[PDB]
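Trainee: Contents of final-v4.txt (compact mmCIF, C-alpha atoms and all ligand atoms) are below:
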# COMPACT_ATOMS: atom_id res chain seq x y z
CA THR G 3 0.00 0.00 0.00
CA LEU G 4 1.20 3.40 -1.16
CA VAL G 5 1.14 6.31 1.31
CA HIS G 6 0.08 9.76 0.07
CA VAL G 7 0.64 12.45 2.69
CA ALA G 8 -1.27 15.71 2.25
CA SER G 9 1.15 18.61 1.83
CA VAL G 10 -0.31 22.12 2.01
CA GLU G 11 0.59 24.29 -1.00
CA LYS G 12 3.40 26.45 0.38
CA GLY G 13 2.18 29.27 2.60
CA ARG G 14 -1.48 28.95 1.54
CA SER G 15 -4.46 29.15 3.86
CA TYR G 16 -8.26 29.33 3.82
CA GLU G 17 -8.37 32.70 2.10
CA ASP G 18 -6.29 31.50 -0.82
CA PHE G 19 -8.65 28.60 -1.43
CA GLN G 20 -11.75 30.78 -0.99
CA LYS G 21 -10.34 32.90 -3.85
CA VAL G 22 -10.07 29.78 -6.05
CA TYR G 23 -13.60 28.70 -5.04
CA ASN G 24 -14.84 32.20 -5.90
CA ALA G 25 -13.18 32.16 -9.33
CA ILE G 26 -14.78 28.79 -10.12
CA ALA G 27 -18.16 30.01 -8.79
CA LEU G 28 -17.99 33.23 -10.84
CA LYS G 29 -17.18 31.28 -14.02
CA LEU G 30 -20.06 28.89 -13.28
CA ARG G 31 -22.36 31.90 -13.21
CA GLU G 32 -20.78 33.49 -16.33
CA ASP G 33 -20.59 30.48 -18.66
CA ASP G 34 -24.29 29.72 -18.41
CA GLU G 35 -24.99 28.55 -21.98
CA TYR G 36 -23.13 25.22 -21.68
CA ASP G 37 -25.13 22.03 -22.35
CA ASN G 38 -28.32 23.85 -23.38
CA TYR G 39 -28.20 26.14 -20.31
CA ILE G 40 -27.58 23.45 -17.72
CA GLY G 41 -24.23 25.16 -17.09
CA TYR G 42 -21.02 23.49 -15.90
CA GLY G 43 -22.14 22.48 -12.37
CA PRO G 44 -23.06 18.85 -13.11
CA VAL G 45 -20.00 18.05 -15.26
CA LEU G 46 -17.74 19.49 -12.52
CA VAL G 47 -19.37 17.21 -9.95
CA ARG G 48 -18.88 14.24 -12.27
CA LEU G 49 -15.23 15.18 -12.84
CA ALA G 50 -14.53 15.36 -9.07
CA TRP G 51 -16.12 11.91 -8.65
CA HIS G 52 -14.31 10.28 -11.60
CA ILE G 53 -10.88 11.52 -10.50
CA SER G 54 -11.60 10.06 -7.04
CA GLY G 55 -13.43 6.90 -8.19
CA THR G 56 -10.30 5.24 -9.61
CA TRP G 57 -9.18 4.56 -6.02
CA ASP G 58 -8.50 1.00 -4.88
CA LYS G 59 -8.51 0.57 -1.07
CA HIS G 60 -6.42 -2.62 -1.40
CA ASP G 61 -3.21 -0.96 -2.62
CA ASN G 62 -4.00 2.80 -2.55
CA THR G 63 -3.63 3.11 -6.31
CA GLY G 64 -5.74 5.72 -8.15
CA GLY G 65 -7.62 8.30 -6.10
CA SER G 66 -7.76 12.12 -6.24
CA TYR G 67 -4.34 12.75 -4.68
CA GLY G 68 -2.09 12.59 -7.72
CA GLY G 69 -4.09 14.70 -10.18
CA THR G 70 -3.51 12.00 -12.78
CA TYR G 71 -6.57 12.90 -14.91
CA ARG G 72 -4.22 15.45 -16.52
CA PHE G 73 -2.43 12.55 -18.29
CA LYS G 74 -3.64 11.09 -21.58
CA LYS G 75 -4.31 7.52 -20.41
CA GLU G 76 -6.83 8.79 -17.84
CA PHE G 77 -8.44 11.69 -19.72
CA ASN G 78 -8.95 9.36 -22.69
CA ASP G 79 -10.63 6.68 -20.52
CA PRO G 80 -13.89 5.84 -22.32
CA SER G 81 -15.51 6.10 -18.85
CA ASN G 82 -14.45 9.78 -18.79
CA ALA G 83 -15.91 10.81 -22.15
CA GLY G 84 -17.33 14.33 -21.81
CA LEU G 85 -15.24 15.30 -18.78
CA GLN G 86 -12.84 17.18 -21.07
CA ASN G 87 -15.50 19.92 -20.93
CA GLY G 88 -14.97 20.24 -17.17
CA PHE G 89 -11.21 20.18 -17.59
CA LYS G 90 -11.39 22.99 -20.19
CA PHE G 91 -13.60 25.00 -17.82
CA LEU G 92 -10.97 24.68 -15.08
CA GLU G 93 -7.99 25.58 -17.32
CA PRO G 94 -8.31 29.38 -16.89
CA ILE G 95 -8.77 28.87 -13.16
CA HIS G 96 -5.52 26.89 -13.00
CA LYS G 97 -3.78 29.55 -15.09
CA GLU G 98 -4.83 32.26 -12.64
CA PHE G 99 -3.91 30.13 -9.60
CA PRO G 100 -0.95 28.04 -10.83
CA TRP G 101 0.04 27.20 -7.26
CA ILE G 102 -2.93 24.86 -6.66
CA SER G 103 -2.33 21.14 -7.31
CA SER G 104 -4.37 19.41 -10.01
CA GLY G 105 -6.10 17.03 -7.55
CA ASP G 106 -6.96 19.97 -5.28
CA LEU G 107 -8.36 21.89 -8.25
CA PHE G 108 -10.46 19.00 -9.67
CA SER G 109 -11.90 18.10 -6.24
CA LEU G 110 -12.52 21.75 -5.32
CA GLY G 111 -14.41 22.17 -8.63
CA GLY G 112 -16.88 19.49 -7.46
CA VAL G 113 -17.31 21.04 -3.99
CA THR G 114 -17.83 24.50 -5.54
CA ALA G 115 -20.38 23.16 -8.03
CA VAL G 116 -22.43 21.36 -5.34
CA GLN G 117 -22.54 24.43 -3.07
CA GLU G 118 -23.22 26.95 -5.84
CA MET G 119 -26.12 24.73 -7.02
CA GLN G 120 -27.63 25.19 -3.53
CA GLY G 121 -26.45 21.82 -2.26
CA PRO G 122 -25.04 21.07 1.18
CA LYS G 123 -21.79 22.55 2.45
CA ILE G 124 -18.99 20.09 1.70
CA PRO G 125 -15.92 20.47 3.95
CA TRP G 126 -12.79 20.30 1.83
CA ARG G 127 -9.11 19.73 2.62
CA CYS G 128 -6.12 20.89 0.61
CA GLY G 129 -2.81 19.13 0.09
CA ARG G 130 -3.14 16.72 -2.81
CA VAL G 131 0.22 16.64 -4.64
CA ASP G 132 0.67 16.00 -8.36
CA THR G 133 2.30 12.64 -9.06
CA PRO G 134 4.08 11.47 -12.27
CA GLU G 135 2.54 9.98 -15.39
CA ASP G 136 3.49 6.41 -14.41
CA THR G 137 1.19 6.68 -11.33
CA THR G 138 -1.87 7.10 -13.60
CA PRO G 139 -4.32 4.23 -13.01
CA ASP G 140 -5.33 2.06 -15.97
CA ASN G 141 -8.78 2.49 -17.55
CA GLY G 142 -11.62 0.29 -16.32
CA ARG G 143 -11.83 1.21 -12.62
CA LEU G 144 -15.00 3.31 -13.00
CA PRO G 145 -18.43 1.59 -12.86
CA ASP G 146 -20.58 0.15 -15.66
CA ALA G 147 -24.16 1.44 -15.91
CA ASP G 148 -25.88 -1.66 -17.36
CA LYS G 149 -25.60 -3.81 -14.23
CA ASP G 150 -27.67 -4.69 -11.13
CA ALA G 151 -27.73 -3.96 -7.39
CA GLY G 152 -25.24 -6.71 -6.55
CA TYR G 153 -22.75 -5.22 -9.03
CA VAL G 154 -23.18 -1.73 -7.53
CA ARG G 155 -22.75 -3.02 -3.99
CA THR G 156 -19.60 -4.99 -4.80
CA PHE G 157 -18.19 -2.19 -6.94
CA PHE G 158 -18.42 0.36 -4.15
CA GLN G 159 -16.73 -1.93 -1.57
CA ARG G 160 -13.50 -1.15 -3.46
CA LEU G 161 -14.05 2.55 -2.58
CA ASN G 162 -14.88 1.60 1.03
CA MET G 163 -18.50 2.77 0.68
CA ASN G 164 -21.43 1.03 2.41
CA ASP G 165 -25.11 0.88 1.32
CA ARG G 166 -26.03 4.24 2.85
CA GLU G 167 -22.97 5.95 1.31
CA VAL G 168 -23.72 4.46 -2.11
CA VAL G 169 -27.38 5.51 -2.07
CA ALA G 170 -26.47 9.00 -0.85
CA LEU G 171 -23.77 9.48 -3.48
CA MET G 172 -26.13 8.35 -6.27
CA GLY G 173 -28.42 11.31 -5.49
CA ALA G 174 -26.01 13.36 -7.60
CA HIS G 175 -27.83 11.74 -10.54
CA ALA G 176 -30.48 14.44 -10.17
CA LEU G 177 -27.88 16.69 -11.85
CA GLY G 178 -27.16 17.26 -15.54
CA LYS G 179 -27.92 14.65 -18.16
CA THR G 180 -26.75 11.55 -19.90
CA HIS G 181 -25.46 12.31 -23.42
CA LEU G 182 -25.72 9.56 -26.04
CA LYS G 183 -22.32 10.43 -27.58
CA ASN G 184 -20.52 10.20 -24.24
CA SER G 185 -21.97 7.13 -22.58
CA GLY G 186 -24.61 5.53 -24.79
CA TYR G 187 -27.44 6.86 -22.59
CA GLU G 188 -29.73 9.87 -23.14
CA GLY G 189 -31.74 12.23 -20.96
CA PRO G 190 -31.99 13.99 -17.57
CA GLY G 191 -32.87 12.48 -14.20
CA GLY G 192 -35.47 15.11 -13.32
CA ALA G 193 -36.71 18.69 -13.71
CA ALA G 194 -34.15 20.56 -11.56
CA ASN G 195 -31.01 19.69 -13.57
CA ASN G 196 -28.73 22.33 -12.08
CA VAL G 197 -30.13 22.77 -8.58
CA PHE G 198 -29.02 20.20 -5.99
CA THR G 199 -32.09 18.57 -4.39
CA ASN G 200 -33.31 15.10 -3.41
CA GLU G 201 -35.37 14.81 -6.62
CA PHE G 202 -33.49 11.65 -7.73
CA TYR G 203 -35.15 9.64 -4.94
CA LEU G 204 -38.59 11.20 -5.42
CA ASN G 205 -38.44 10.44 -9.14
CA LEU G 206 -37.32 6.84 -8.56
CA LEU G 207 -40.32 6.26 -6.30
CA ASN G 208 -42.99 8.38 -7.97
CA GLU G 209 -42.48 8.24 -11.74
CA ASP G 210 -43.94 5.49 -13.92
CA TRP G 211 -40.79 3.91 -15.35
CA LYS G 212 -40.73 1.92 -18.61
CA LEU G 213 -37.76 -0.22 -19.69
CA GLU G 214 -36.87 1.01 -23.19
CA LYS G 215 -34.03 0.93 -25.69
CA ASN G 216 -32.36 4.20 -26.59
CA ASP G 217 -30.84 5.11 -29.98
CA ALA G 218 -27.52 3.51 -28.98
CA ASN G 219 -29.36 0.19 -28.50
CA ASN G 220 -28.88 0.24 -24.72
CA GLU G 221 -31.62 -0.30 -22.16
CA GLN G 222 -32.65 2.53 -19.83
CA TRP G 223 -35.71 3.28 -17.73
CA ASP G 224 -37.79 6.19 -19.02
CA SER G 225 -40.75 8.16 -17.67
CA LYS G 226 -43.45 10.03 -19.57
CA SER G 227 -42.12 13.23 -17.89
CA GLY G 228 -38.99 12.79 -20.07
CA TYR G 229 -36.72 11.57 -17.26
CA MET G 230 -34.42 8.56 -17.27
CA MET G 231 -32.70 6.16 -14.90
CA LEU G 232 -29.68 3.96 -15.68
CA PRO G 233 -30.09 0.25 -14.88
CA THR G 234 -27.73 0.85 -11.94
CA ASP G 235 -29.94 3.73 -10.71
CA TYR G 236 -33.09 1.60 -11.00
CA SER G 237 -31.35 -1.19 -9.08
CA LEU G 238 -31.65 1.03 -5.99
CA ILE G 239 -35.42 0.36 -5.90
CA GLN G 240 -35.09 -3.33 -6.91
CA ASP G 241 -32.85 -4.24 -3.95
CA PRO G 242 -34.78 -4.15 -0.64
CA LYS G 243 -31.87 -2.69 1.36
CA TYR G 244 -31.26 0.10 -1.13
CA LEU G 245 -35.01 0.73 -1.40
CA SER G 246 -35.35 1.53 2.32
CA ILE G 247 -32.62 4.16 2.04
CA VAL G 248 -34.08 5.63 -1.17
CA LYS G 249 -37.35 6.09 0.72
CA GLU G 250 -35.56 7.74 3.64
CA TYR G 251 -33.86 10.31 1.41
CA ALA G 252 -37.05 10.92 -0.59
CA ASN G 253 -38.67 11.88 2.74
CA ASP G 254 -35.93 13.90 4.42
CA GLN G 255 -34.09 16.60 2.45
CA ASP G 256 -31.85 17.56 5.34
CA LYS G 257 -30.79 13.97 6.05
CA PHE G 258 -29.92 13.48 2.42
CA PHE G 259 -27.86 16.73 2.40
CA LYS G 260 -25.94 15.72 5.55
CA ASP G 261 -25.23 12.15 4.35
CA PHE G 262 -24.27 13.26 0.83
CA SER G 263 -21.86 15.84 2.25
CA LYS G 264 -20.07 13.22 4.40
CA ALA G 265 -19.89 10.62 1.62
CA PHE G 266 -18.73 13.09 -0.99
CA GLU G 267 -15.97 14.49 1.21
CA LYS G 268 -14.94 10.90 2.02
CA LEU G 269 -14.89 10.00 -1.69
CA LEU G 270 -12.70 13.03 -2.49
CA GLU G 271 -10.31 12.22 0.38
CA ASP G 272 -9.95 8.44 -0.06
CA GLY G 273 -6.29 7.49 -0.24
CA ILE G 274 -4.97 10.61 1.52
CA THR G 275 -3.15 10.62 4.83
CA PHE G 276 -3.69 13.90 6.67
CA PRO G 277 -0.98 14.74 9.22
CA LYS G 278 -2.25 15.34 12.77
CA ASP G 279 -1.22 19.00 12.48
CA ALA G 280 -2.79 19.50 9.02
CA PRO G 281 -5.30 22.36 8.87
CA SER G 282 -8.90 21.56 9.71
CA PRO G 283 -11.23 21.07 6.72
CA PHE G 284 -12.30 24.33 5.07
CA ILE G 285 -15.94 25.27 4.64
CA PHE G 286 -16.21 27.80 1.83
CA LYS G 287 -18.79 30.54 1.71
CA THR G 288 -20.96 30.62 -1.41
CA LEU G 289 -20.98 33.72 -3.66
CA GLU G 290 -24.48 34.41 -2.33
CA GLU G 291 -23.27 34.27 1.29
CA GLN G 292 -20.49 36.74 0.40
CA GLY G 293 -22.81 39.12 -1.48
CA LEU G 294 -20.78 38.50 -4.63
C1 LIG X 1 -22.98 2.98 -10.16
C2 LIG X 1 -22.36 4.16 -10.17
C3 LIG X 1 -22.46 5.17 -11.32
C4 LIG X 1 -22.68 4.95 -12.63
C5 LIG X 1 -22.80 3.60 -13.35
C6 LIG X 1 -22.71 6.23 -13.29
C7 LIG X 1 -22.91 6.44 -14.63
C8 LIG X 1 -23.15 7.66 -15.22
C9 LIG X 1 -23.35 7.88 -16.65
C10 LIG X 1 -23.35 6.77 -17.72
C11 LIG X 1 -23.54 9.21 -16.83
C12 LIG X 1 -23.77 9.96 -18.16
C13 LIG X 1 -22.46 10.58 -18.65
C14 LIG X 1 -22.73 11.30 -19.95
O1 LIG X 1 -23.36 10.70 -20.87
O2 LIG X 1 -22.34 12.48 -20.08
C15 LIG X 1 -23.45 9.86 -15.53
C16 LIG X 1 -23.61 11.20 -15.33
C17 LIG X 1 -23.39 11.85 -14.15
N1 LIG X 1 -22.93 11.26 -12.97
FE1 LIG X 1 -22.80 9.23 -12.63
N2 LIG X 1 -22.55 7.23 -12.34
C18 LIG X 1 -22.40 6.61 -11.12
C19 LIG X 1 -22.21 7.24 -9.92
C20 LIG X 1 -22.10 8.61 -9.75
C21 LIG X 1 -21.64 9.27 -8.54
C22 LIG X 1 -21.19 8.53 -7.27
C23 LIG X 1 -21.67 10.61 -8.74
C24 LIG X 1 -21.25 11.76 -7.79
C25 LIG X 1 -21.48 11.80 -6.48
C26 LIG X 1 -22.15 10.81 -10.09
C27 LIG X 1 -22.34 12.02 -10.70
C28 LIG X 1 -22.80 12.23 -11.97
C29 LIG X 1 -23.17 13.52 -12.51
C30 LIG X 1 -23.21 14.86 -11.77
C31 LIG X 1 -23.57 13.26 -13.94
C32 LIG X 1 -24.07 14.29 -14.96
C33 LIG X 1 -22.88 14.74 -15.83
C34 LIG X 1 -23.25 15.80 -16.84
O3 LIG X 1 -24.41 16.28 -16.81
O4 LIG X 1 -22.36 16.18 -17.65
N3 LIG X 1 -22.36 9.58 -10.69
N4 LIG X 1 -23.22 8.89 -14.58
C1 LIG X 2 -28.55 13.01 -15.26
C2 LIG X 2 -28.48 11.49 -15.38
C3 LIG X 2 -29.78 10.90 -14.81
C4 LIG X 2 -29.64 9.50 -14.19
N1 LIG X 2 -30.71 8.86 -13.71
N2 LIG X 2 -28.41 8.88 -14.16
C5 LIG X 2 -27.15 9.47 -14.67
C6 LIG X 2 -27.23 10.99 -14.65
Would you mind writing the structure in this file as structure tokens?
Ligand code: HEM
Ligand SMILES: C[C@@H]1C=C(N)NCC1

Mentor:
Amino acid sequence: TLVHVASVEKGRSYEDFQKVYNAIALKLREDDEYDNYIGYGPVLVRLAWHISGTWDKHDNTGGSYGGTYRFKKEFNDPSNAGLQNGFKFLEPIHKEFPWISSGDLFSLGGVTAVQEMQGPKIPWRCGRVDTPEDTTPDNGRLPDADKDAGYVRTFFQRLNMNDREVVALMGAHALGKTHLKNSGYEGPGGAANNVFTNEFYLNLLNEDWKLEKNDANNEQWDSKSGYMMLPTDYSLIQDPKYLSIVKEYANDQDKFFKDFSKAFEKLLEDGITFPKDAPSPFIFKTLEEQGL
């Protein structure tokens, strides 16, 4: 097992990272046309998850620490198709703040997107350090979408996530859309595509889902409202243990926010050793809170 010790960018503190957060948040507001006016929030959340989701608890390979998405093997992962849009969004931010590590930037993009979309506060820690190209994990560590509840449960054990953590994390599927050209799936998960709510769970329980084939010849569950669920999403109401948790989150917005915040921070920090004297996690103010 590799050890990755968090190392604070030299001399930086909360205020420096709040400036980076603010730059990301301002660009999120500015570049509003993207993806038929969804904006960049959802793709930034997906990027933060995919750079973290390569982690393997068994040997501490992959994970957000090394910023390895910047290397061709990882950014060309078929599982990452479309994330180049998020990377391009972050490029001017990195140019303005060249001192931030790549892993810190990609993970902070996800935190900023969740909060700016009115989601929960997500505490965030700095100190990821870029590692060399040979530390890039091979393709194939991110999950397939065509599988069942047992696949999802087993998959997430590798990321040290339990049933509650898995169901909470999947609530991010309220955001954005599937794009046929990226993933072979098409459509949004609900009405509020760029506002962070518990709608994923409500839609799973309340919509009338039909199992259909899309134009890429893949199965997905579709509702007459024009929403979709991946087979892996739908598995959360097929498995009785997942179903209980889906119902809980559909009925308690605050509980979902609190559990999502914990699981998402954990996801973004998997693989990182934080020294005992490392700074406490930062909680960034939103632009709205700052009057900006
Ligand atoms: C079983 C696990 C998962 C599977 C199989 C899966 C699969 C997918 C697929 C196929 C897409 C569509 C990509 C595209 O066509 O552009 C997508 C989108 C998305 N996923 Fe997941 N995902 C999983 C878990 C997660 C998790 C844990 C998160 C974050 C907490 C997440 C966040 C998102 C977001 C925000 C989008 C929308 C991206 C956009 O609008 O550009 N997903 N997911
Ligand atoms: C916006 C998309 C809706 C889902 N149900 N799953 C993937 C993300």

Trainee: With distances taken over all atoms listed in the file, which of G:138, G:82, G:256, G:109 is nearest to residue 125 of chain G?

Mentor: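 That would be G:109, the residue with the smallest distance to residue 125 of chain G.
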
Trainee: Calculated over all atoms listed in the file, which of the candidates G:200, G:225, G:162, G:117 has the smallest distance to residue 288 of chain G?

Mentor: G:117

Trainee: How would you write, as a PyMOL selection string, the set of residues no farther than 7 Å from ligand LIG 2 (chain X) when counting all atoms listed in the file?

Mentor: chain G and resi 175-180+189-191+230-232+235

Trainee: Please report, as a tab-separated table, each residue of chain G lying at most 7 Å from ligand LIG 1 (chain X), together with the nearest pair of atoms and the separation in Å rounded to one decimal; use all atoms listed in the file, and order rows by chain and ascending residue number.

Mentor:
residue	atom	partner	partner_atom	distance
G:44	CA	X:LIG1	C30	4.2
G:45	CA	X:LIG1	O4	3.8
G:47	CA	X:LIG1	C30	4.9
G:48	CA	X:LIG1	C29	4.4
G:51	CA	X:LIG1	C24	5.2
G:83	CA	X:LIG1	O2	7.0
G:84	CA	X:LIG1	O2	5.6
G:145	CA	X:LIG1	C5	4.8
G:146	CA	X:LIG1	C5	4.7
G:147	CA	X:LIG1	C5	3.6
G:154	CA	X:LIG1	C1	5.4
G:171	CA	X:LIG1	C25	4.4
G:172	CA	X:LIG1	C22	5.0
G:174	CA	X:LIG1	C25	4.9
G:175	CA	X:LIG1	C28	5.3
G:177	CA	X:LIG1	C30	5.0
G:178	CA	X:LIG1	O3	3.2
G:179	CA	X:LIG1	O3	4.1
G:180	CA	X:LIG1	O1	3.6
G:181	CA	X:LIG1	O1	3.7
G:182	CA	X:LIG1	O1	5.8
G:183	CA	X:LIG1	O1	6.8
G:184	CA	X:LIG1	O1	4.4
G:185	CA	X:LIG1	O1	4.2
G:186	CA	X:LIG1	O1	6.6
G:187	CA	X:LIG1	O1	5.9
G:188	CA	X:LIG1	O1	6.8
G:234	CA	X:LIG1	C1	5.5
G:266	CA	X:LIG1	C25	6.3

Trainee: For residue 11 of chain G, which residue among G:110, G:131, G:95, G:119 is the nearest when counting all atoms listed in the file?

Mentor: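 Of the candidates, the smallest distance to residue 11 of chain G is held by G:131.
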
Trainee: Extract, using all atoms listed in the file, all DNA, RNA and protein residues at most 7 Å from residue 49 of chain G, discarding same-chain residues fewer than 6 positions from it, and format them as a VMD selection string.

Mentor: chain G and resid 85 88 108

Trainee: Could those residues be written to a file, using C-alpha atoms, as a CSV table (one decimal), in the frame of the given file?

Mentor:
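Final output, saved to selection28.csv:
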chain,number,residue,atom,x,y,z
G,85,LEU,CA,-15.2,15.3,-18.8
G,88,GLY,CA,-15.0,20.2,-17.2
G,108,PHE,CA,-10.5,19.0,-9.7

Trainee: Work out how far apart atom CA of residue 91 of chain G and atom CA of residue 273 of chain G are and give it in Å to one decimal.

Mentor: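 Separation of atom CA of residue 91 of chain G and atom CA of residue 273 of chain G: 25.9 Å.
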
Trainee: Which of these, G:96, G:60, G:149, G:29, has the shortest distance to residue 220 of chain G once you count all atoms listed in the file?

Mentor: G:149

Trainee: Which neighbours of residue 10 of chain G fall inside 8 Å, counting only C-alpha atoms, when residues of the same chain fewer than 2 positions from it are skipped, and could you give them as a PyMOL selection string?

Mentor: chain G and resi 8+12-14+128-130+280

Trainee: State, in Å with one decimal place, the distance from atom CA of residue 6 of chain G to atom CA of residue 68 of chain G.

Mentor: 8.6 Å

Trainee: Here is a test: counting all atoms listed in the file, which residue of G:141, G:63, G:282, G:24 is nearest to residue 161 of chain G?

Mentor: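 Selected residue with least distance to residue 161 of chain G: G:63.
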
Trainee: Counting only C-alpha atoms, which of G:132, G:140, G:37, G:93 gets nearest to residue 76 of chain G?

Mentor: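 With only C-alpha atoms as the atom set, the closest residue is G:140.
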
Trainee: So that I can see what lies close to residue 73 of chain G, please list as a PyMOL selection string the residues with an atom at most 12 Å from it, counting only C-alpha atoms and leaving out residues fewer than 3 positions away in the same chain.

Mentor: chain G and resi 53+68-70+76-79+86+89+104+132-141

Trainee: Excluding residue 289 of chain G and any residue of its chain fewer than 5 positions from it, enumerate the residues within 9 Å of it, using all atoms listed in the file, and give them as a ChimeraX atom specification.

Mentor: /G:24,27-28,118,294

Trainee: Print the selection's residues with C-alpha atoms to a file, as a JSON list (two decimals), in the frame of the given file.

Mentor:
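Contents of result35.json, as written:
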[["chain", "number", "residue", "atom", "x", "y", "z"],
["G", 24, "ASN", "CA", -14.84, 32.20, -5.90],
["G", 27, "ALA", "CA", -18.16, 30.01, -8.79],
["G", 28, "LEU", "CA", -17.99, 33.23, -10.84],
["G", 118, "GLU", "CA", -23.22, 26.95, -5.84],
["G", 294, "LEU", "CA", -20.78, 38.50, -4.63]]

Trainee: For atom CA of residue 150 of chain G and atom CA of residue 163 of chain G, quote the distance in Å rounded to one decimal.

Mentor: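 Going from atom CA of residue 150 of chain G over to atom CA of residue 163 of chain G covers 16.7 Å.
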
Trainee: For the point (-0.1, 1.7, -4.3) in file coordinates, what residues are within 9 Å, counting only C-alpha atoms? Give the answer as a list in words?

Mentor: residues 3, 4, 5, 58, 60, 61, 62, 63, 64 and 137 of chain G

Trainee: With C-alpha atoms retained, write the just-selected residues as a PDB file, in the frame of the given file.

Mentor:
ATOM      1  CA  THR G   3       0.000   0.000   0.000  1.00  0.00           C
ATOM      2  CA  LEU G   4       1.200   3.400  -1.160  1.00  0.00           C
ATOM      3  CA  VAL G   5       1.140   6.310   1.310  1.00  0.00           C
ATOM      4  CA  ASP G  58      -8.500   1.000  -4.880  1.00  0.00           C
ATOM      5  CA  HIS G  60      -6.420  -2.620  -1.400  1.00  0.00           C
ATOM      6  CA  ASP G  61      -3.210  -0.960  -2.620  1.00  0.00           C
ATOM      7  CA  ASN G  62      -4.000   2.800  -2.550  1.00  0.00           C
ATOM      8  CA  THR G  63      -3.630   3.110  -6.310  1.00  0.00           C
ATOM      9  CA  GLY G  64      -5.740   5.720  -8.150  1.00  0.00           C
ATOM     10  CA  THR G 137       1.190   6.680 -11.330  1.00  0.00           C
TER      11      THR G 137
END

Trainee: Counting all atoms listed in the file, which residues have an atom no more than 9 Å from (-42.5, 8.6, -21.4) in the file's coordinates? Please list them as a VMD selection string.

Mentor: chain G and resid 210 to 212 224 to 229
